[PDB]
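Asks: Structure of the sequence below:
(6 chains)
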Amino acid sequence: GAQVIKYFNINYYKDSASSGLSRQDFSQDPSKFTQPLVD
Amino acid sequence: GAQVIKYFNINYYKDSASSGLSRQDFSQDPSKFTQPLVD
Amino acid sequence: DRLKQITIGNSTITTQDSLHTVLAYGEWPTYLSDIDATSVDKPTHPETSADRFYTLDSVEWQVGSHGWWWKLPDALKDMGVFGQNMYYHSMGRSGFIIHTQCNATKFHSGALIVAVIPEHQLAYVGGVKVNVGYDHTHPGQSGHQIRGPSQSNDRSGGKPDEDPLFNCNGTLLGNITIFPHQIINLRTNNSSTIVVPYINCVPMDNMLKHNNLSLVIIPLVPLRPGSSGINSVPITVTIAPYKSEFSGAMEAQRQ
Amino acid sequence: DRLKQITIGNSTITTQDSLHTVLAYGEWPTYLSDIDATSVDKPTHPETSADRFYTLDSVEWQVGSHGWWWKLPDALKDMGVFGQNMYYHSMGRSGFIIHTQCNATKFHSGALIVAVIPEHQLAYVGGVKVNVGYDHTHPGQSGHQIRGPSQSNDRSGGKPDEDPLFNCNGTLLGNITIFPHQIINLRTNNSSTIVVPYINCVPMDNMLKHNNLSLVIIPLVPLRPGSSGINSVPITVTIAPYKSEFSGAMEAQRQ
Amino acid sequence: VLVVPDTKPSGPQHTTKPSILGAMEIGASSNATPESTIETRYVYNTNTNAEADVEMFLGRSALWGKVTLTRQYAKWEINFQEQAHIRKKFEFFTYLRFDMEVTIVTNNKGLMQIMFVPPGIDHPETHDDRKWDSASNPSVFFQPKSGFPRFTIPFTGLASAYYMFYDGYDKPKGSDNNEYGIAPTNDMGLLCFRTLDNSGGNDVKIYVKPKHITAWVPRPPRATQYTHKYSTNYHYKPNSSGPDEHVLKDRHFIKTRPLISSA
Amino acid sequence: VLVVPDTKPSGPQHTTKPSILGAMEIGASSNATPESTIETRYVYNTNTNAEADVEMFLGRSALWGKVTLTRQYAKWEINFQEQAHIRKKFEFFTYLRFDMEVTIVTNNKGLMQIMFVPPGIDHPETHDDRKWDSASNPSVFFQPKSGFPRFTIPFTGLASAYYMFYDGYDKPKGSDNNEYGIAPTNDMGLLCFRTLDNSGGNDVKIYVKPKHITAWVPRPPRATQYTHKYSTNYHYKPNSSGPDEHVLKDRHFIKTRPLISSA
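Replies: Numbering: from 1, shown residues only, chains lettered A, B, ... in the order given. Please find the structure below.
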């Protein structure tokens, strides 16, 4: 075990690489593309 | 079981020898070597 | 308005028929920070003497011309004190301001794709498994006139692929818009400006061995004279290094 | 103690038999301030890549050798990216850390005057009114072996004066102590260090046409072997530009 | 999870700033939505792109390699260059940083050893090779019946990402052995296989799942079948036999149509 | 975990106490870092040596021994002396205190018994030997298919550590049977193997993992291939056959080069 009307995110092998897919998603924006302009 | 945004260090066989690798590391210094001097 | 002025020290571009500037990935060139650094030595920043517009040789754009590419930093290796800093250092980084210039007339028709490809790894001109030679992927300021697809292209000497439809790498032109790009439509604008930061998974690398970017100008629609006797138009490319760094001073890697 | 270490970026001098460092005129090299400036363009500071120790060729010091001189910035014109910045700019300034190195043995005797002369204007080797040629006052890193006074010195080609007693300019050696100097006495020290600021009545000038300083090494007392078979000793000179500036970027003034 | 935006209502509009006009030349995509063009209704739209994010898109554990045990021995140099379908998906991007979990699907039986041989040293070249006895080379012993072996390799870069494409060389200008592309840029190790029994079949399938992926510089998807690995060469030489010698096929996926305007 | 220190900035320095001078004679290593020599920038350095600590370095479960079941029977005296690669890693140190977990990898099938025979008593010398019936000798029964047996042996010293090297003898001066080195200093027991079936192959591989290690007095790494176990003898006699009799090879890893200064 590693870390934590509930949920539990538990790492059995105690490595960050040994975890499954990373489902926690924040970063995004299309604008790096589709609008890559100064002004 | 033996002992204890979380973590759990659990010994299944209840022996200190039966545990896995010891990952808790404090003691160190190169100076026993590389500087083994009186003054 | 369509007017634009870009002053990178010692030199000034003035574009009176212009689009917005493409800022690649919404990212301006920065100096390598301390968080991202690898090598321990204090780098050199030449600033105004290296960072400035270097205009290359012009290329004649004609009926039937398939396109051109330049490799960066390669195209600048002989240019001013920027090119001197490439040979005397292990490593270097830089961003670039690429300004492409083609003007014709309101009687001319044509379109150019001006794109900047990170890590544009060419394909061998055909056949068996051969690395394209160092000599061919480093033409210098002259760049490479794309010739075209043929069974008769010489396969000797590890030559690169000549077919612009496949981007010389085996992927369709027309998807090249995923890279920083602008189109020069003679009806609309006579120029283009792309500000690319330093793109790499490495903080700095060898300026001579690795070509970070590639500037590719493809004639998307051919050049029609209209009623004029002008069947060809020049295309001038002008590059400004920006926020260029160099570290690992040594003997010049030149001969 | 007699130990000394001087680290100018990328390079380190270590002198274990040493005097104090001469700081010429009690003045460290600075960058040209805004109060004293003339030209309006932002100069370049290469810093660690130009400012660093450049060791020249060693000269063999022998019985009967009259001396040597080097001109600065001249001696560094081919050296690293410092010499590259001389050719690509109108103007430049710099201070120098000159480190002279001669070691023999406790059985050797000898003395060397190591002096730095601002505006050392040579004299023609003799006779009529002839400017000494550009070719002779710009030997590069090799400097000039002083030969000696003779009626037989070739007067052709605008050659400089060979007589070290008159400092080649017509003023007595032995008054050369009015300039920044140290003596290397083999009994005492094996090296010398002089930190000279930028000296001129002008904020910057052309690095190629004008030689600000001159480094002159005169064998004040000859080299005696004692009882050893060593009749010659090398003399190595190592120069670090410090706080060097360049402005007026242009085409290289080279050929 | 991020749902796609709702469709907002829009009525008739008389506007002196057209949103449907623009310039393809500027290098920007259109901002136009159906609210600019037609007259629309409010639609409450719960659809997600969650299955299109780079973690789900590249996270399915494709087959990277196949090897056959010859004399109860096999060897594989880890890479995605061999399989066209997974190689195309990685090459939508210039740079990838990922951990990989490696599952070994074998039809053999009895007992197998996998040795992961880190770069820079010599691997066992046969079964019974003394190099199969290793202190520090990580190995896996498994019995193919009752379970498939799986292990995770973290990200071994030398850089902050893997190069999918590399426009440089590993040696300077005048060197005649120059190698072009990503092959010098990193080596992920090799997997050695041996059987300690005879038993079942000889086939070893290596499935690899990228996880914890970070992708960087989108590229045009591969428009042509691959020819060689570590190349980008798309010109295919079908036969060495005869007069068709030196005839090359591009082998693209574009299909024609009889007429424009009649489709 | 402990990250390596950051590189601090350093400028030009004129100093009358050189940090780059010293004395190799004093017996101390250099304190010099790149901030003393060159002019440096601040680098934020997150690298760790975690994989170099003695727990990770010696903690990979190497193969200590191989035995073959002859008539469904095998015997092995526990030690690391037989395998050169793990023997070299333990011998970076003079003294080691570790527990060991013992994994048995066998290609046999059916049913096997391992008996751990503590020192000082007699082991079973064959299968069907009555000594395989034991009240207090710890044994392990396992079926090789579906799982590998593993057990931990704690630290059995007689001392506070194991001797990797021992400069003494077990008997006094005049005794003619004196034994030199670590062999008398401890005995870790022996493992007896038998099969209660016939079935599969005869090979038994003993993998041992040191855990909870404490290492003491670093030594020069072994510069020469081993010859005998419990020796340190590095002189190798390649052949007993003929005129090359009494010719010895050192078998070191030093390689020459054509020229100094030309490398």
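
Asks: residues from chain C in reach of chain A?
Replies: By the rule Cβ under 8 Å from any Cβ of the partner chain, the part of chain C lying against chain A is C:20, C:21, C:22, C:23, C:24, C:25, C:26, C:27, C:178, C:180, C:195. Just so you know, the C-beta spots here come from the backbone N, C-alpha and C atoms, and that holds for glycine as well.

Asks: again, 6 Å this time
Replies: Residues of chain C lying close to chain A by Cβ under 6 Å from any Cβ of the partner chain are C:20, C:21, C:22, C:23, C:24, C:25, C:26.

Asks: buried set for the longest helix belonging to chain C?
Replies: Secondary structure of chain C read by DSSP state H shows that its longest helix is helix C:80-87. For helix C:80-87, the neighbour count (16 or more other Cβ atoms under 10 Å in any protein chain shown) marks C:80, C:81, C:82, C:83, C:84, C:85, C:86, C:87 as buried.

Asks: Do a quick rundown of the strands in chain E.
Replies: Applying DSSP state E to chain E gives strands spanning E:62-68, E:73-77, E:95-106, E:112-117, E:139-142, E:150-153, E:162-163, E:190-195, E:203-215.

Asks: Deepest-packed of those, please.
Replies: Each of those was scored by mean neighbour count; the highest is strand E:162-163, a mean of 24, by mean count of other Cβ atoms under 10 Å in any protein chain shown.

Asks: Pull up the pairing partners for it, direction included.
Replies: Applying DSSP bridges to the sheet, strand E:162-163 is found paired with strand E:95-106 (antiparallel).

Asks: Identify the residues contacting the partner strand?
Replies: The contact list for strand E:95-106, computed with Cβ atoms under 6 Å, 6 or more residues apart in numbering or on different chains, reads A:17, C:201, E:144, E:148-155, E:161-162, E:204-205, E:207-216.

Asks: how about the helices in chain A?
Replies: Applying DSSP H to chain A gives no helices.

Asks: now swap in the stretch 1-150 of chain C and tell me
Replies: With helices called from DSSP state H, counting those that start in this stretch, the stretch 1-150 of chain C shows them at C:80-87, C:134-137.

Asks: out of those, which comes closest to chain D?
Replies: Chain D lies closest to helix C:80-87 among those, at 4.3 Å (Cβ to the nearest Cβ).

Asks: So is the closest one next to chain E?
Replies: No. Counting by Cβ under 6 Å from any Cβ, chain E has no neighbours in helix C:80-87; the shortest distance is 10.8 Å.

Asks: Please work out which residues outside that helix touch it.
Replies: C:46, C:49-50, C:76-77, C:207, C:241, C:246, C:252-254, D:84, D:88.

Asks: For chain A, give the residue positioned nearest to chain C.
Replies: Closest to chain C within chain A is residue A:38: 4.1 Å, counting by Cβ to the nearest Cβ.

Asks: Not counting its neighbours along the chain, what's nearest that residue?
Replies: Closest residue to residue A:38 apart from its sequence neighbours, by Cβ to Cβ, 6 or more residues apart in numbering or on different chains: residue C:21 at 4.1 Å.

Asks: Just give me the closest of the buried residues of helix C:80-87 to residue E:81.
Replies: Relative to residue E:81, the closest of the buried residues of helix C:80-87 is residue C:86; by Cβ to Cβ it sits at 30.9 Å.

Asks: Buried only: go through the contacts of helix C:80-87 for me.
Replies: Applying 16+ other Cβ under 10 Å to these flags C:46, C:49, C:50, C:76, C:77, C:207, C:241, C:246, C:253, D:84, D:88 as buried.

Asks: farthest-separated two in these?
Replies: C:49 and C:253 (19.7 Å).

Asks: how close does the spatially most central residue of chain A get to chain F?
Replies: With distances taken as Cα atoms, centre = their mean, residue A:24 lies nearest the centre of chain A, 3.5 Å away. Look at residue A:24 and chain F: by Cβ to the nearest Cβ, to the nearest Å, they are 22 Å apart.

Asks: likewise residue C:82?
Replies: For residue C:82, the distance to chain F equals 21 Å [Cβ to the nearest Cβ].

Asks: can you pull out the strands in the stretch 1-150 of chain C?
Replies: Assigned by DSSP state E, counting those that start in this stretch, the strands in the stretch 1-150 of chain C fall at C:4-8, C:11-15, C:22-23, C:54-55, C:59-61, C:68-72, C:89-101, C:109-118, C:144-145.

Asks: Residues touching stretch A:18-27, excluding its own?
Replies: A:11, E:55, E:59, E:152, E:211, E:212.

Asks: Run a quick neighbour tally on the residue of chain C at minimum distance from chain B.
Replies: Distances between chain C and chain B by Cβ to the nearest Cβ are smallest at residue C:40, namely 19.8 Å. Close neighbours of residue C:40, defined as other Cβ atoms under 10 Å in any protein chain shown, add up to 22.

Asks: That one against residue F:8, yeah?
Replies: No. Using Cβ atoms under 6 Å, residue C:40 is not in contact with residue F:8, being 9.4 Å away.

Asks: Tell me who's in contact with residue C:91.
Replies: When contacts are counted by Cβ under 6 Å, 6+ apart, residue C:91 touches C:204, C:205, C:247, C:248.

Asks: what is it paired to in the beta sheet?
Replies: residue C:247.

Asks: Report how many residues lie close to residue E:170.
Replies: 17.

Asks: end-to-end on stretch E:20-31?
Replies: 9 Å (Cα to Cα, to the nearest Å).
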